[PDB]
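Here's a solo chain for you in structure tokens, the form deposited in one PDB entry.
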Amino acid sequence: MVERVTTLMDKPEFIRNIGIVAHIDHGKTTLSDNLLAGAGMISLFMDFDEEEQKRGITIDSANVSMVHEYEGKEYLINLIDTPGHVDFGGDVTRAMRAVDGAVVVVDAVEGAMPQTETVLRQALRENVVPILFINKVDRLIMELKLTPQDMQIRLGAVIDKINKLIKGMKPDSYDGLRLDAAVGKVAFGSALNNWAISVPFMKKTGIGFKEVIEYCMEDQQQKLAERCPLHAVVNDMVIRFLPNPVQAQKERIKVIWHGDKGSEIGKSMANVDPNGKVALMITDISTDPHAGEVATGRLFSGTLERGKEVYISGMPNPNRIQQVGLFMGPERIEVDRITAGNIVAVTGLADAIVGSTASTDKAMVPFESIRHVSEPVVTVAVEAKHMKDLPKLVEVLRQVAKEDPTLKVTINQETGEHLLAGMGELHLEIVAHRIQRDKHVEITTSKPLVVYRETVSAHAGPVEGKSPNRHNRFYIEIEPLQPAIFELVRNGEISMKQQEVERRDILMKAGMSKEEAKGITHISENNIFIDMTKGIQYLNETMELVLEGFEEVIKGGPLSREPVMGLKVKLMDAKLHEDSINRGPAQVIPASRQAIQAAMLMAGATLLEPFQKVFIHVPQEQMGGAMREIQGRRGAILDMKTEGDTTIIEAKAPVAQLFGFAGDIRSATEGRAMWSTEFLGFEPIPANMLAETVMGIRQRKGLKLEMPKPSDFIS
């Protein structure tokens, strides 16, 4: 529907910008593909990457446009199919920035799962409107053999669960967001077998759930697909209940744009005004063989045209648009111009990165950053196979990191090697593949290792740090953050920019003494610095330097130069030299670093390692094989439930223990165990493993091969 798409994209009221989101494997891509087939867009089309087809997983968000007719008018559905695996969660985040509505897909059998909540929360954070498609209802009918009422109960429990999540996330918006099957905001069906129903649709066609069960039970789901077409029921739901750009954009900018809402551009964004100045939110960078580098984004105001110039936020020179169009899976349909309200593919924006604001005016308030979180937990060292390829590798790693901001690329100064840090083993496997196959650089990679965290287990101090000229002294106590306070900081509930009586009240109503709440001076990662001193001359002008020493230590702790978390650092006393020449950065910053590092080692310094939480659905026949695999990897079982022939195992294990788990769990269960994973958190390494783990880390970093001591820091 090439000419259809183009005619429709000019009319913002008939557009739906949507994303398909779900727990891994609940059926996003089958849904998206069969929506496209039913709609006559195609005869898995969206998993068009080779590794996606090879591994049977969505790795990258894919974009496609779809024409659907509803009550005598055609609508343009700009759809994003997103990945389910936690390692690719940043693809979901970037996609939620670009869409206005979301089809939350949930497997009827497993029901809502941990990444179901994750994707729902990411949608609501962006003021994206959710509807619900309960998929795999064929399995629920054919494998559990439940009566209609049992199946009404099961489906209704899923709806209720999604609604509790919504109500917990957006309590004041709950009424308008609540999912109601009788209203039509929920459908149920089988993406695989091209059929779907909803309460209003069943009334309309005169078909009950008992007839639906018969269709499946008598091996006639093809007939059901004709009577109850998947694409009709779901696309209708999309048109009816997901919002157009005209309703939505004013809601999106409440949370993605902190500029003057009554400005010229705030109005033209709020009105989807094609004649306004360009306002284009860049959500993705990727490379194609013909278009070259391509920026994906959401156009809120203006019109994009080949040859038009836009400014990129933070960059001085104006970028020129070379081509504009829409993605159709692996293809990108080119068009003369695209108007506000659409999800666009643009070439020629050399300076754009994920999160960029493209605008006509250089002085436009930039859109809010695309939030990240989830710091890397797995790392690999990477090197060019042939030394003639070193500068290509430099340029290629820059490009890989630009296209995937969840990857962190640093350089080992003690080996000249590049380190790739990402979300998991699979994440790094794909990256190494996308450097060789796609970027044409032969590389060698080390085995994946985890990134640890350093912390303390007890209180210590006051410890005296002394400047190299011996003229300045700082007295530091250190101890663990209480869990309530750690959570406030990790969730961003407090801040030094925040108001001082407000922050003091949040901290104190969390357990912190008034002394320490009012003394809090700095936050850095999941650590705080408190000033407990009164009336020390020159400490005000010197405190900025003390905090720099604190920040440096947080970046890499004294045990193994791993990042530090969970620390409460307190300045109890200080002595500074009268003359500023004796108390500048070269004097104060080392004194601060050394006091803090010595206190840490005196406070039961130890390592935390990342843990994954693992969910396994396995038939009873293979339960024993599943159990042996997780228990053999020193994982702890957390709970176990039975639901018919299936055992549901909830377990945790160190990330470091779960490398190669996919292939081993398949072998031990003959491929019959479904499993998924999520980051749990950093937990203490075994107490009898601290010396060996620290030595292991220091050796592979090039650091000195000896256990650090507080005598290394304070003379």
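Numbering starts at 1 and runs along the sequence shown. In this text, rigid core is short for the largest set of C-alphas that superpose within 1.5 Å between two forms. Residues that one form lacks are left out of the comparison.
J.: Hey, how big is the hole between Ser43 and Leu44 in terms of deposited residues without coordinates: none, 1 to 3, 4 to 9, or 10 or more?
T.: Missing in between: 4 to 9 residues.
J.: Which wins on mean Cα temperature factor, 484 to 492 or 133 to 141?
T.: For C-alpha atoms only, the mean B-factor is higher in 484 to 492.
J.: Per the entry, where is the mean C-alpha temperature factor higher: 69 to 77 or 466 to 474?
T.: Result of the comparison: 69 to 77.
J.: Among the candidates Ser286, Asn582, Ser446, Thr303, give the one with the maximum CA B-factor reported in the record.
T.: Of the options given, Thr303 has the highest CA B-factor in the PDB entry.
J.: Reading the B-factor column of the entry, which of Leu567, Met508, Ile166, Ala603 has the highest value at its C-alpha atom?
T.: In this record, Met508 carries the highest C-alpha B-factor of the candidates.
J.: Within this chain's modelled residues, let me know which third the CA B factor of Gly101 belongs to: lowest, middle or highest.
T.: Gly101: CA B-factor falls in the lowest third of its chain.
J.: Among the chain's modelled residues, which third holds the C-alpha B-factor of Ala673?
T.: It belongs to the highest third of the chain when residues are ordered by C-alpha B-factor.
J.: Sorting by Cα B-factor within the chain, modelled residues only, which third would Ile616 end up in: lowest, middle or highest?
T.: Middle third.
J.: When the deposited Cα B-factors of this chain's modelled residues are ordered and cut into thirds, is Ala39 in the lowest, the middle or the highest one?
T.: Highest third.
J.: Based on the deposited C-alpha B factors for this chain, I'd like to know if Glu629 is in the lowest, middle or highest third.
T.: Middle third.
In what follows, reference is made to the form deposited in another entry, a form of this protein that is not presented.
J.: Can you tell me which of these residues, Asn275, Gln222, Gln499, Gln149, is the one whose C-alpha shifts by at least 2 angstroms between this form and the one not shown after a rigid core fit?
T.: Of all the options, the C-alpha that shifts by at least 2 Å belongs to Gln499.
J.: Would the C-alpha of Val655 be classed as shifted by 2 Å or more between this form and the one not shown after rigid-core alignment?
T.: After core superposition, the displacement of the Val655 C-alpha between this form and the one not shown reaches the 2 Å mark, so yes.
J.: Would you say whether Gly355 is displaced between this form and the one not shown, judging by a C-alpha shift of 2 Å or more on the superposed rigid core?
T.: Stays below the 2 Å threshold, so no.
J.: With both forms fit on the core, has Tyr538 moved 2 Å or more by CA between this form and the one not shown?
T.: Superposed on the core, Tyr538 moves its C-alpha 2 Å or more between this form and the one not shown.
J.: Do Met328 and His427 move together or apart in that other deposited form, judged by C-alpha distance changing 3 Å or more?
T.: Compared with the shown chain, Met328-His427 is farther in that other deposited form.
J.: Given that the CA-CA distance for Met328 and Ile59 shifts by 3 Å or more in that other deposited form, does it become closer or farther?
T.: Farther is correct, given that in that other deposited form the C-alpha spacing of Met328 to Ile59 is increased by at least 3 Å.
J.: Relative to the superposed rigid core, which consecutive-residue segments of length 3 or more display CA displacements of 2 Å or more between this form and the one not shown?
T.: 327 to 331, 411 to 416, 447 to 715 are the stretches that move between this form and the one not shown.
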